[PDB]
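Novice: Dropping in coords19.tsv, with TSV, C-alpha atoms (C1' of nucleotides).
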```tsv
chain	number	residue	atom	x	y	z
A	417	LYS	CA	76.63	70.58	49.47
A	418	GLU	CA	80.24	71.37	50.37
A	419	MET	CA	80.53	68.14	52.37
A	420	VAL	CA	79.03	66.04	49.57
A	421	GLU	CA	81.28	67.70	46.98
A	422	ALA	CA	84.43	67.20	49.07
A	423	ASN	CA	83.85	63.43	49.26
A	424	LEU	CA	82.62	63.13	45.66
A	425	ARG	CA	85.67	61.14	44.53
A	426	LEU	CA	85.18	58.54	47.27
A	427	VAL	CA	82.26	56.96	45.39
A	428	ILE	CA	84.38	56.43	42.27
A	429	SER	CA	86.61	53.93	44.09
A	430	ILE	CA	83.60	51.88	45.25
A	431	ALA	CA	81.75	52.05	41.92
A	432	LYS	CA	84.83	50.77	40.07
A	433	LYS	CA	84.51	47.36	41.75
A	434	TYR	CA	80.95	46.90	40.45
A	435	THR	CA	81.27	46.80	36.66
A	436	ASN	CA	79.88	44.75	33.78
A	437	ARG	CA	76.78	43.82	35.79
A	438	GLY	CA	74.14	45.38	33.50
A	439	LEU	CA	74.65	49.06	34.38
A	440	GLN	CA	76.93	51.66	32.83
A	441	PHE	CA	79.66	53.47	34.75
A	442	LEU	CA	77.90	56.84	34.83
A	443	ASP	CA	74.68	55.31	36.18
A	444	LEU	CA	76.62	53.56	38.96
A	445	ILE	CA	78.40	56.83	39.76
A	446	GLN	CA	75.05	58.62	39.97
A	447	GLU	CA	73.62	55.93	42.25
A	448	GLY	CA	76.68	56.16	44.48
A	449	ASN	CA	76.30	59.94	44.60
A	450	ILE	CA	72.65	59.46	45.62
A	451	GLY	CA	73.75	57.11	48.40
A	452	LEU	CA	76.44	59.52	49.58
A	453	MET	CA	74.02	62.46	49.63
A	454	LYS	CA	71.52	60.35	51.58
A	455	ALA	CA	74.22	59.30	54.06
A	456	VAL	CA	75.61	62.80	54.67
A	457	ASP	CA	72.40	63.85	56.44
A	458	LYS	CA	73.04	61.53	59.41
A	459	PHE	CA	76.63	61.81	60.65
A	460	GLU	CA	77.43	62.46	64.32
A	461	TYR	CA	80.46	61.99	66.58
A	462	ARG	CA	80.03	58.25	67.07
A	463	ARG	CA	82.72	55.56	67.29
A	464	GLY	CA	83.48	56.10	63.60
A	465	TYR	CA	85.08	59.54	63.47
A	466	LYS	CA	85.82	59.23	59.73
A	467	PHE	CA	83.04	60.13	57.31
A	468	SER	CA	84.29	57.53	54.82
A	469	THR	CA	83.72	54.66	57.26
A	470	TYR	CA	80.03	55.57	57.49
A	471	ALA	CA	79.60	56.59	53.84
A	472	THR	CA	81.05	53.38	52.38
A	473	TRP	CA	78.16	51.31	53.75
A	474	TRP	CA	75.53	53.61	52.24
A	475	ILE	CA	77.38	53.81	48.92
A	476	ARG	CA	77.64	50.02	48.70
B	1	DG	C1'	91.03	80.84	-1.91
B	2	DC	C1'	93.05	76.40	-0.26
B	3	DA	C1'	94.27	72.87	3.45
B	4	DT	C1'	92.52	69.49	6.82
B	5	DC	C1'	89.11	66.37	8.52
B	6	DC	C1'	84.34	63.50	8.93
B	7	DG	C1'	79.40	60.94	6.60
B	8	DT	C1'	78.02	57.12	2.52
B	9	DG	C1'	78.96	53.02	-0.93
B	10	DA	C1'	80.65	47.89	-1.64
B	11	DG	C1'	75.46	41.38	-5.70
B	12	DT	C1'	72.39	37.83	-5.21
B	13	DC	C1'	70.12	33.41	-4.29
B	14	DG	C1'	71.21	29.25	-1.73
B	15	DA	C1'	73.37	26.37	3.06
B	16	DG	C1'	73.81	26.33	8.96
B	17	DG	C1'	72.29	25.74	14.50
B	18	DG	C1'	72.23	25.72	19.47
B	19	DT	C1'	74.95	29.71	22.80
B	20	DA	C1'	77.61	32.33	26.67
B	21	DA	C1'	79.81	35.41	32.34
B	22	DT	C1'	79.24	38.75	38.73
B	23	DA	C1'	76.58	36.89	43.01
B	24	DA	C1'	75.95	41.16	51.74
B	25	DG	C1'	72.46	40.63	55.27
B	26	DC	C1'	68.55	41.41	58.64
B	27	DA	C1'	64.32	43.99	60.87
B	28	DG	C1'	59.99	46.38	60.48
B	29	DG	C1'	55.32	47.18	58.07
B	30	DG	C1'	52.11	46.15	54.25
B	31	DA	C1'	50.11	44.19	49.48
B	32	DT	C1'	49.55	39.29	47.02
B	33	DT	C1'	48.34	34.89	46.43
B	34	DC	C1'	46.71	29.82	47.21
B	35	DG	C1'	43.06	26.41	50.01
B	36	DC	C1'	38.33	25.45	51.68
B	37	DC	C1'	33.80	26.09	51.77
B	38	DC	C1'	28.69	28.01	51.39
B	39	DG	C1'	26.18	28.91	47.78
B	40	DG	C1'	22.89	30.38	44.05
B	41	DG	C1'	22.27	29.92	39.24
B	42	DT	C1'	22.79	25.87	35.32
B	43	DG	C1'	21.85	21.16	33.90
B	44	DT	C1'	19.78	16.27	34.17
B	45	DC	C1'	15.69	13.45	35.67
B	46	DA	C1'	11.14	10.89	38.08
B	47	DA	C1'	6.65	11.96	37.37
B	48	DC	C1'	1.35	14.10	36.85
B	49	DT	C1'	-2.19	16.42	32.98
B	50	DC	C1'	-4.69	18.62	27.54
B	51	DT	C1'	-4.73	17.36	21.85
B	52	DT	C1'	-5.71	14.52	18.46
B	53	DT	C1'	-4.80	11.12	13.95
B	54	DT	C1'	-6.17	7.92	13.05
B	55	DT	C1'	-6.36	3.04	14.06
B	56	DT	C1'	-9.41	0.36	15.89
B	57	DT	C1'	-15.03	-0.58	16.49
```
Starting from the file, lay out its structure as structure tokens.

Specialist:
Amino acid sequence: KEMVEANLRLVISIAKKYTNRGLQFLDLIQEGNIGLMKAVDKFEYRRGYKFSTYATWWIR
DNA sequence: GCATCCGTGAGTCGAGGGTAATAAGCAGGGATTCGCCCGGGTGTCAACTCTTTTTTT
């Protein structure tokens, strides 16, 4: 929960690009939060040492 | 006891006729759906036997 709350503002930058496509802003933010919470479960010390590099794919 | 801020209203019949924009990718496994075909129940016909109303004797 702490890790998903620390990177909560990262999804707002990705959700801003997708707009006026049939979904409101809050719904897109909630979907991005779902994706981020689903991506935080699997994160090891792989080639990508930044959590954002692995979370952006799941959020998108 | 007053001053400031948030809802309702606006006639009625007629014409005029349709609209419009963003845009990842691929691997696994199931549920769905379209072609062919055997088939058994529904139709469409050759073709064998009682009854009888006269029409003939």

Novice: Could you list the residues in chain B lying within 12 Å of chain A, using only C-alpha atoms (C1' of nucleotides), and format the result as a PyMOL selection string?

Specialist: chain B and resi 21-24

Novice: Residues near region 454-461 of chain A, anyone? I mean within 10 Å using all atoms listed in the file, not counting same-chain ones fewer than 4 positions away, as a ChimeraX atom specification.

Specialist: /A:417,419-420,423,448-450,465-467,470-475

Novice: Quick one, how far is CA of residue 451 (chain A) from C1' of residue 30 (chain B)?

Specialist: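 Interatomic distance, CA of residue 451 (chain A) to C1' of residue 30 (chain B): 25.0 Å.
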
Novice: May I ask for the distance between CA of residue 452 (chain A) and CA of residue 428 (chain A), given in Å to one decimal place?

Specialist: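 Separation of CA of residue 452 (chain A) and CA of residue 428 (chain A): 11.2 Å.
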
Novice: Quote the spacing between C1' of residue 18 (chain B) and CA of residue 439 (chain A) in Å to one decimal place.

Specialist: 27.8 Å
